[PDB]
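Heads up: the structure comes next, in structure tokens.
Both backbone and side-chain heavy atoms feed into the values below; hydrogens, waters and symmetry mates do not. In listed order, ligands and their atoms are each counted from 1. Here, residue 1 is the first one in the sequence, and each next residue gets the next number.
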Amino acid sequence: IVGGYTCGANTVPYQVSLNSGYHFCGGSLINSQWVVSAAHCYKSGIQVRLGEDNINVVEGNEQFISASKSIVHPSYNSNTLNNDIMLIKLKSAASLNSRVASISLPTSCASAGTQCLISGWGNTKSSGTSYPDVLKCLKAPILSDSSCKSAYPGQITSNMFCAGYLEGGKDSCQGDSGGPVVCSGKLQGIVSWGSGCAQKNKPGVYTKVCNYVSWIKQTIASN
Ligand SMILES: NC(=[NH2+])c1ccc2[nH]c(-c3cc(OC(F)(F)F)ccc3[O-])nc2c1
Ligand SMILES: [Ca+2]
Ligand SMILES: [Cl-]
């Protein structure tokens, strides 16, 4: 997260860290045995780490659970990143409390201007790499479709939305991929891609979760 702030320990209880010997992506806990992340974060050997704040120190509240399986959207396109969403089922269910909790899926899409919270352990420099130990947060608004398409002509599909600041300086970045974009208590986006991090007129692009709720429900109901 570039231009963000320290969230504070366990203030974002649905945030998870996907780990393979190091943190490589974020994700969101939606029920005690399922996590939602981005399809481009897919790899084998994933351990899901819940209740984290400093990812390099065991401080208490952490639950490390292995992934039993990851389900990448069948229409995911790695070249356009269209349908960039993945579901991860946990080997055991997580113990939910106030430090570990799931987030609700939306019943309707969010509109432009909605203020959301983006969090993650990704890079904090727009020019270079500084990876934080603790969770960083950024409050950002959803932009209009016209400004988003004007910023990335021919690259935005109906399953994507832009959120951020056109003046540059505040944005999600590499390492934040797969994590949550929460607006009014509902998971509306997943960190997907952007051109560099916090560059002027190059906002972040997020997977539009309201377009996948029946797919998430049907897939969880059959696995
Ligand atoms: N500007 C943004 N809002 C943004 C957000 C997530 C990103 N994730 C990545 C990303 C970049 C990668 O390429 C690199 F390793 F060459 F930096 C790889 C994975 C990523 O998720 N870039 C990103 C940019
Ligand atoms: Ca820790
Ligand atoms: Cl276009």
Quick one: which ligand 1 atoms are inside 4.0 Å of a heavy atom on [X]?
X	value
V191	5 (C), 6 (C)
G204	3 (N)
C197	1 (N)
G196	1 (N), 2 (C), 24 (C)
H40	20 (C), 21 (O)

Around atom 12 (C) of ligand 1, find the nearest protein heavy atom and jot down its residue, atom name and distance.
-> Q174 NE2, 4.0 Å
Closest non-hydrogen protein atom to atom 8 (N) of ligand 1, residue and atom name please, with distance?
-> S177 OG, 3.0 Å
For ligand 1, is there an N or O atom under 3.5 Å from any N or O atom of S195?
-> no
If you measure every N/O of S172 against every N/O of ligand 1, is any gap under 3.5 Å?
->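 Checking ligand 1 against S172, an N or O pair does fall under 3.5 Å apart.
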Would you check if the Ca ion (ligand 2) lies under 3.0 Å from any N, O or S atom of [X]?
X	answer
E52	yes
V57	yes
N56	no

Do the non-hydrogen side-chain atoms of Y206 and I190 ever get within less than 4.5 Å of each other?
-> no
Nearest 0.5 Å, please: how far is [atom2] in [Y] from [atom1] in [X]?
X	Y	atom1	atom2	answer
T207	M86	OG1	CE	11.0 Å
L90	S32	CG	OG	8.0 Å
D133	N54	CG	CG	4.5 Å
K136	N123	NZ	CG	12.0 Å

For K69 and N223, what are the C-alpha separation, side-chain angles and deciding distance, and is it a side chain to side chain donor-acceptor pair (under 3.5 Å)?
-> CA-CA 10 Å; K69 52 154 54 175; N223 285 280; 3.3 Å; yes
Does a side chain donor of either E52 or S17 reach within less than 3.5 Å of an acceptor in the other side chain?
->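 Per modelled atom types, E52 and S17 side chains form no pair under 3.5 Å.
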Quick one: do the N77 and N82 side chains pair a donor with an acceptor below 3.5 Å?
-> no
Rounded to 10°, how many degrees is the angle O/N54-the Ca ion (ligand 2)-OE2/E62?
-> 160°
Proximity to ligand 1 by part of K202, non-hydrogen separation under 4.0 Å | neither
Does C25 approach ligand 1 within less than 4.0 angstrom via side chain, backbone, both or neither, non-hydrogen atoms only?
->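 Contact part for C25 vs ligand 1: neither.
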At a 4.0 Å cut-off, with the gap strictly under it, does some heavy atom of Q199 reach an atom of ligand 1?
-> no
Among the heavy atoms of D176, does any lie under 4.0 Å from an atom of ligand 1?
-> no
So, does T129 use its side chain to make a donor-acceptor pair with the main chain of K125 at under 3.5 Å?
-> no
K43 atom NZ: more than 12 heavy-atom contacts under 6.0 Å = yes
Any chance you could lay out the ring pair (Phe, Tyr, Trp, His ring centres under 6.0 Å) test for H73 and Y212, step after step, and finish with the verdict?
-> CA-CA 10 Å; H73 190 277; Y212 301 96; 5.6 Å; yes
